[PDB]
Amino acid sequence: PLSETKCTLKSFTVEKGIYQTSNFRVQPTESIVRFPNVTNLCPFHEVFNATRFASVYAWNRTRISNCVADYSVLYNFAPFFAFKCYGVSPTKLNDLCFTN
Amino acid sequence: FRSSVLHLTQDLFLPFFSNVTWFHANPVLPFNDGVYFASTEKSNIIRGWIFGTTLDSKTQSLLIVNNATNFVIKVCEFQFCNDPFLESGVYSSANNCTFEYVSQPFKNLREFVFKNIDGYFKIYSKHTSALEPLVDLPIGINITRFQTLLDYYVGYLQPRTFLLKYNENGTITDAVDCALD
Amino acid sequence: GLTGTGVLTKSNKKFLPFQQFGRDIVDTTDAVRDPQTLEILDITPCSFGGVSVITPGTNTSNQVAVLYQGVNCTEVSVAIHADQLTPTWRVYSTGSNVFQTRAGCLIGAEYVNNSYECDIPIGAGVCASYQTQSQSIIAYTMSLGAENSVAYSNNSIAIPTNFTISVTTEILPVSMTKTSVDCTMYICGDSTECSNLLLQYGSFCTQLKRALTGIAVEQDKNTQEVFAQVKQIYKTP
Amino acid sequence: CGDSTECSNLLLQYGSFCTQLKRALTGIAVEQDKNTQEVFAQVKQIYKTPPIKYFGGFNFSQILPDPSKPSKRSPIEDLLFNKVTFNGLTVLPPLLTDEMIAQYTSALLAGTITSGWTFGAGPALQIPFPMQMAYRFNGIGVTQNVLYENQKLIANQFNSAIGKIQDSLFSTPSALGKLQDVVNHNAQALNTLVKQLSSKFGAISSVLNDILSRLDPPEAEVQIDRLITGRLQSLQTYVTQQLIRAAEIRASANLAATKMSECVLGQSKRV
Amino acid sequence: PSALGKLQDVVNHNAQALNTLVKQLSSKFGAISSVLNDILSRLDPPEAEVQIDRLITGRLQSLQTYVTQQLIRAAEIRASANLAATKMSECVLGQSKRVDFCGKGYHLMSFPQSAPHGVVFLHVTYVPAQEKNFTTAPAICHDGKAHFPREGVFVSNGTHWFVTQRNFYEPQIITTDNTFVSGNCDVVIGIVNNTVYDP
Amino acid sequence: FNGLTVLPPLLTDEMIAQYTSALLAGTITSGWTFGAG
């Protein structure tokens, strides 16, 4: 601290007394995130666990809203699916928010 | 949740000592930035309200039904024949019904305050004072008029400034307006 | 979405079933709610303050002392043990001389039970000095003087028999220097394009010049009303 | 800025205003201690009262310290003490505690009741209180025999007038509003300064923890500059107001120091 | 050497203010450069008016701050000069009776001395010393009448009684020229009996 | 510098010394009579 006092006074000599130099702060240790929890609701596996998968000539459109998009229900089933996307990345999609 | 402090709030409130309209126990009533509703009739028959802009099954309207067992909300283009009455006793047809909700089930006063701002729809209520929020609706319909179905009162809100007082427990005790004196 | 930093402890606040967070008079967040447990937790800011250095003079010694203003040493010990303190220099840590005052914690000196005259004011009636005790730095409580008891009675009186002549000094300032500013060479400086832009700001230069002229005029009357009290010049025989 | 590194680099270009602010605050802090030093430290000896208290009929029990209560103060001092009630802001404790001021006051009272005016212009002598009042009676044009003839009446009147002061200062709570106004003015400025942080000066948000941690694009330098200027102006205004009030505080302290020397340590003839 | 620091602090402050004011010129307030002679002679595009406006505002603020500080110091110096002018008129051109105003003790005379941006006073005071204890009495009775001292106080060395002044020990014989009669010997509390001389 | 000028005082040090000498002479030769007539 003597060198800090010399730098604050900009001199090599210093008389007797008390001098303020800087401040002290306690730094954080770890991070904590507190978000919504297990109480959720999203039916999304209904368009995967069926038999009549909307025959090509009579394809059916199903809007899915008011849900929490969790792309982990396909791994619980057979992993024989292929996650081929166009224009969107499967990694930056997990942290997005869509309407319909 | 303030604690023992006086906060100055500027929002849409009901001005003190205003002109209210008294009815008995049905024309179209305008919806000007919220409508105040109150009823103290024991064994009330009037149960439900209608919100919309054309009310002829051409635009997404709002309809709610209240009873002593639950509270359901159905938002769609309900077609009315001549007048609502209180089951297909209030509407006749339905089309493009993609949104539906439901609420939690559970002298005497019964107050209600409606508001539609920023694409949200919230309603306050209290039974016997301050009104607490009950349920918010993320629906983005364009409400223009107001209509009821069956001794109720109708009042309009205005952007006035008020001073609220909070006690230790965090409840509103008194309020003071900023006009008329 | 609510971000911040602090210490989370349990409080006795009783929130309402539709409240999420709490604010105080100065509108700062001090209480939140857990979306998982629904409990009452209070937020307190982490420790901070200033640092002061006490030195007896570079020509006498090279030993100093550190003072942490407004903090308990129990937290300072934890912040020194774990690398969580902002000042990276920790030289006064391996010492059994730690004292707690009402203005903070002092590290680098020892407290004595004797009273002396205050030399370097620390705070809360505590001063420090540099005595030979092996010379070191000591801390003590400042004294007000020496106790004197007057012999009061019903028929007692004191009359002096001798006297003395004393001479004292006193220094008082009278005036100061005089300065003038152009406001043109200082702002733009030998520039024509910048000078055309200053004309839009008004007459601040006029006010500055008037204030400086008034100060310069007052500095002369200050001396005139002090040294010109006589009208004639007297000479000694 | 507040716990921020990007905003701290933009502040280094504005110069050394922080140094001037700290110097002004340190000067004010030193002046606030020297004001009390030049008022309550005019004596060098600590005089004490004798065990027996008989001064010819004058009762000073309401102004002398009471050894029963832990706080070594007089009942009037106790009444006066009982009737008078962040993010970079720190309050510094005073140098002299209340007990030292009480000891100074007790020493002044002892030197006044035991010596009178001799301890202020040299060594302290001893003189009885009636003979001391007889000499003060001559300082206004009244002969000394009036006191020797009406000592009992004068003592009764003095004891009644001293007792009336407690009732006069106990039923009126607004008698010491001058000291409360200073505390109120000092407390309101800090609250205003801490409230000024929740305002915007041409930016998208007012709170500091809303844009200093969420703004993605680096083009927010012009937005941070507005907040920097707005928060520097408030500090400058606060320092200016403090420097303005310091002059009135110094003037009041000088007037009090002059009165302490001209009314307590002697008898004045100024009307 | 540090006895005259009051006059040195003013010079130090006045020198530091100008140094800070001239140092403020080498700073940028949101521009591409800090020095004035770097953009005022090299800016090719004429759309840099805001770059000069920022510096103009930043320098005007410093000028206003300097002027405010000088205005405050001027009032402080005016108060000090008024106090000095009052002291020069009260302690030098006469003998004052104000306690602790023209020195510590009984003031006699003062001498002024010229100093750079100041003035020095040399106060001459009177301080007693070598006090002794005696026995005093309020008054005396001779023929049933109370005799009060005109100027002084009644003292006794143990056997005899004398009268002297309160500022110097000089015993004198109590005569009718030093006392006056007022009242009887039954009203004074703590009175003593003695003899009064009548030439 | 860059527009900073220091103005000299009106009275020189010799005039202040003469005033001080006149005050001292009037004090040592008259006392308190030279200030009231």
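Only this structure's heavy atoms are used, side chains among them; waters, hydrogens and symmetry mates stay out. A note on names: the letters A, B, ... follow the listed sequences, proteins ahead of strands, and every chain is numbered from 1.
Between atom CG of residue C:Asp190 and atom OG of residue E:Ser41 there is a gap of 11.0 Å, rounded to the nearest 0.5 Å. The distance from the CG atom of C:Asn196 to the CD1 atom of E:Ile52 is 12.5 Å, given to the nearest 0.5 Å. Taking OG of C:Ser175 as the reference point, atom CZ of E:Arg78 lies at 13.5 Å (rounded to 0.5 Å). Atom SG of residue C:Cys188 and atom CZ of residue E:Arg59 lie 8.0 Å apart, to the nearest 0.5 angstrom. Put simply, CD1 on C:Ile159 and CG on E:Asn133 are 8.5 Å apart, with the number rounded to the nearest 0.5 Å. From E:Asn14, atom CG reaches atom NZ of C:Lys178 across 13.5 Å, with rounding to the nearest 0.5 Å.
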In sequence, state the C-alpha distance, the side-chain angles, and the governing distance for C:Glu170 and E:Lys87, and then conclude on side chain to side chain contact (heavy atoms under 4.5 Å, CB included).
-> CA-CA 11 Å; C:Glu170 183 175 1; E:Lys87 285 184 174 298; 3.3 Å; yes
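Contacts of E:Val11 with chain C are absent, with no heavy-atom separation under 4.5 Å from either backbone or side chain. Both the backbone and the side chain of E:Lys132 come within less than 4.5 Å of a heavy atom of chain C. Neither the backbone nor the side chain of E:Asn37 comes within contact range of chain C, judged by heavy atoms closer than 4.5 Å. There is no contact between E:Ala115 and chain C, counting heavy-atom distances below 4.5 Å. Only the side chain of E:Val10 comes within contact range of chain C, judged by heavy atoms closer than 4.5 Å. Using a 4.5 Å cut-off between heavy atoms, E:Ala3 touches chain C through its backbone atoms (N, CA, C, O) alone. Contacts between C:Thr169 and chain E at a heavy-atom distance below 4.5 Å involve backbone atoms as well as side-chain atoms. In this structure, the portions of C:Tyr186 lying under 4.5 Å from any heavy atom of chain E include both its backbone and its side chain. Heavy atoms closer than 4.5 Å to chain E are found in the side chain of C:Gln229, but not in its backbone. The parts of C:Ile157 that come within reach of chain E are both its backbone and its side chain, each placing non-hydrogen atoms under 4.5 angstrom from that chain. If you measure heavy-atom distances from C:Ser153 to chain E, you find no contacts under 4.5 Å at all. If you measure heavy-atom distances from E:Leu55 to chain C, you find no contacts under 4.5 Å at all.
Most heavy-atom pairs under 4.5 Å with chain C: of the set E:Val155, E:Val153, E:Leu7, E:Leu83, this distinction falls to E:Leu7. Ranked by heavy-atom pairs under 4.5 Å with chain E, the first of C:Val226, C:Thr223, C:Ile215 is C:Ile215. Listed options E:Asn82, E:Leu18, E:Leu71, E:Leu36 were ranked by heavy-atom pairs under 4.5 angstrom with chain C; first place goes to E:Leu71. Listed options E:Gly190, E:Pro112, E:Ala129 were ranked by heavy-atom pairs under 4.5 angstrom with chain C; first place goes to E:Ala129. Contact count against chain E (heavy-atom pairs under 4.5 Å) is highest for C:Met176 among C:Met176, C:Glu225, C:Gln207, C:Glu193. In terms of heavy-atom pairs under 4.5 angstrom with chain C, the leader among E:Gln70, E:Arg166, E:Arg73 is E:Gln70. Contact tally against chain C (heavy-atom pairs below 4.5 Å) for E:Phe134, E:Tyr169, E:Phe168: the top residue is E:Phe134.
Taking both residues in full, the closest heavy atoms of E:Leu40 and C:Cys194 are given as CD2-CB, 4.4 Å, listed atom of the first, atom of the second, then distance. Closest approach of C:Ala211 to E:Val67, counting heavy atoms only: CB-CG1, 4.3 Å. Listed here is the closest heavy atom pair of C:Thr161 and E:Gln130: OG1-O, 2.6 Å.
Within a 6.0 Å sphere centred on CZ of C:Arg102, heavy atoms belonging to other residues, nucleotides or ligands number 12 at most. Surrounding CG of E:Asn19 are more than 12 heavy atoms belonging to other residues, nucleotides or ligands, all under 6.0 Å away. The environment of CZ in E:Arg98 is crowded: more than 12 heavy-atom neighbours from other residues, nucleotides or ligands sit within 6.0 Å. Residue E:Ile173 places its CD1 atom among 12 or fewer non-hydrogen atoms of other residues, nucleotides or ligands, all under 6.0 Å distant. Applying the 6.0 Å contact sphere to CD of C:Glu117 captures no more than 12 heavy atoms from other residues, nucleotides or ligands. For NZ of E:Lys28, the number of neighbouring non-hydrogen atoms (other residues, nucleotides, ligands) closer than 6.0 Å is greater than 12. Under a cut-off of 6.0 angstrom, the local environment of CD in E:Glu49 is sparse, with at most 12 non-hydrogen atoms contributed by other residues, nucleotides or ligands.
Counting only heavy atoms from C-beta outward, the side chains of E:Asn167 and C:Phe163 never approach each other to under 4.5 Å. Residues E:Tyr66 and C:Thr179 are in side-chain contact: their nearest non-hydrogen atoms beyond the backbone lie under 4.5 Å apart. Counting only heavy atoms from C-beta outward, the side chains of E:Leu63 and C:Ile187 approach each other to under 4.5 Å. Under the 4.5 Å side-chain criterion, counting only non-hydrogen atoms from C-beta, C:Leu197 is not in contact with E:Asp53. At least one side-chain heavy atom of C:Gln219 sits under 4.5 Å from a side-chain heavy atom of E:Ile77.
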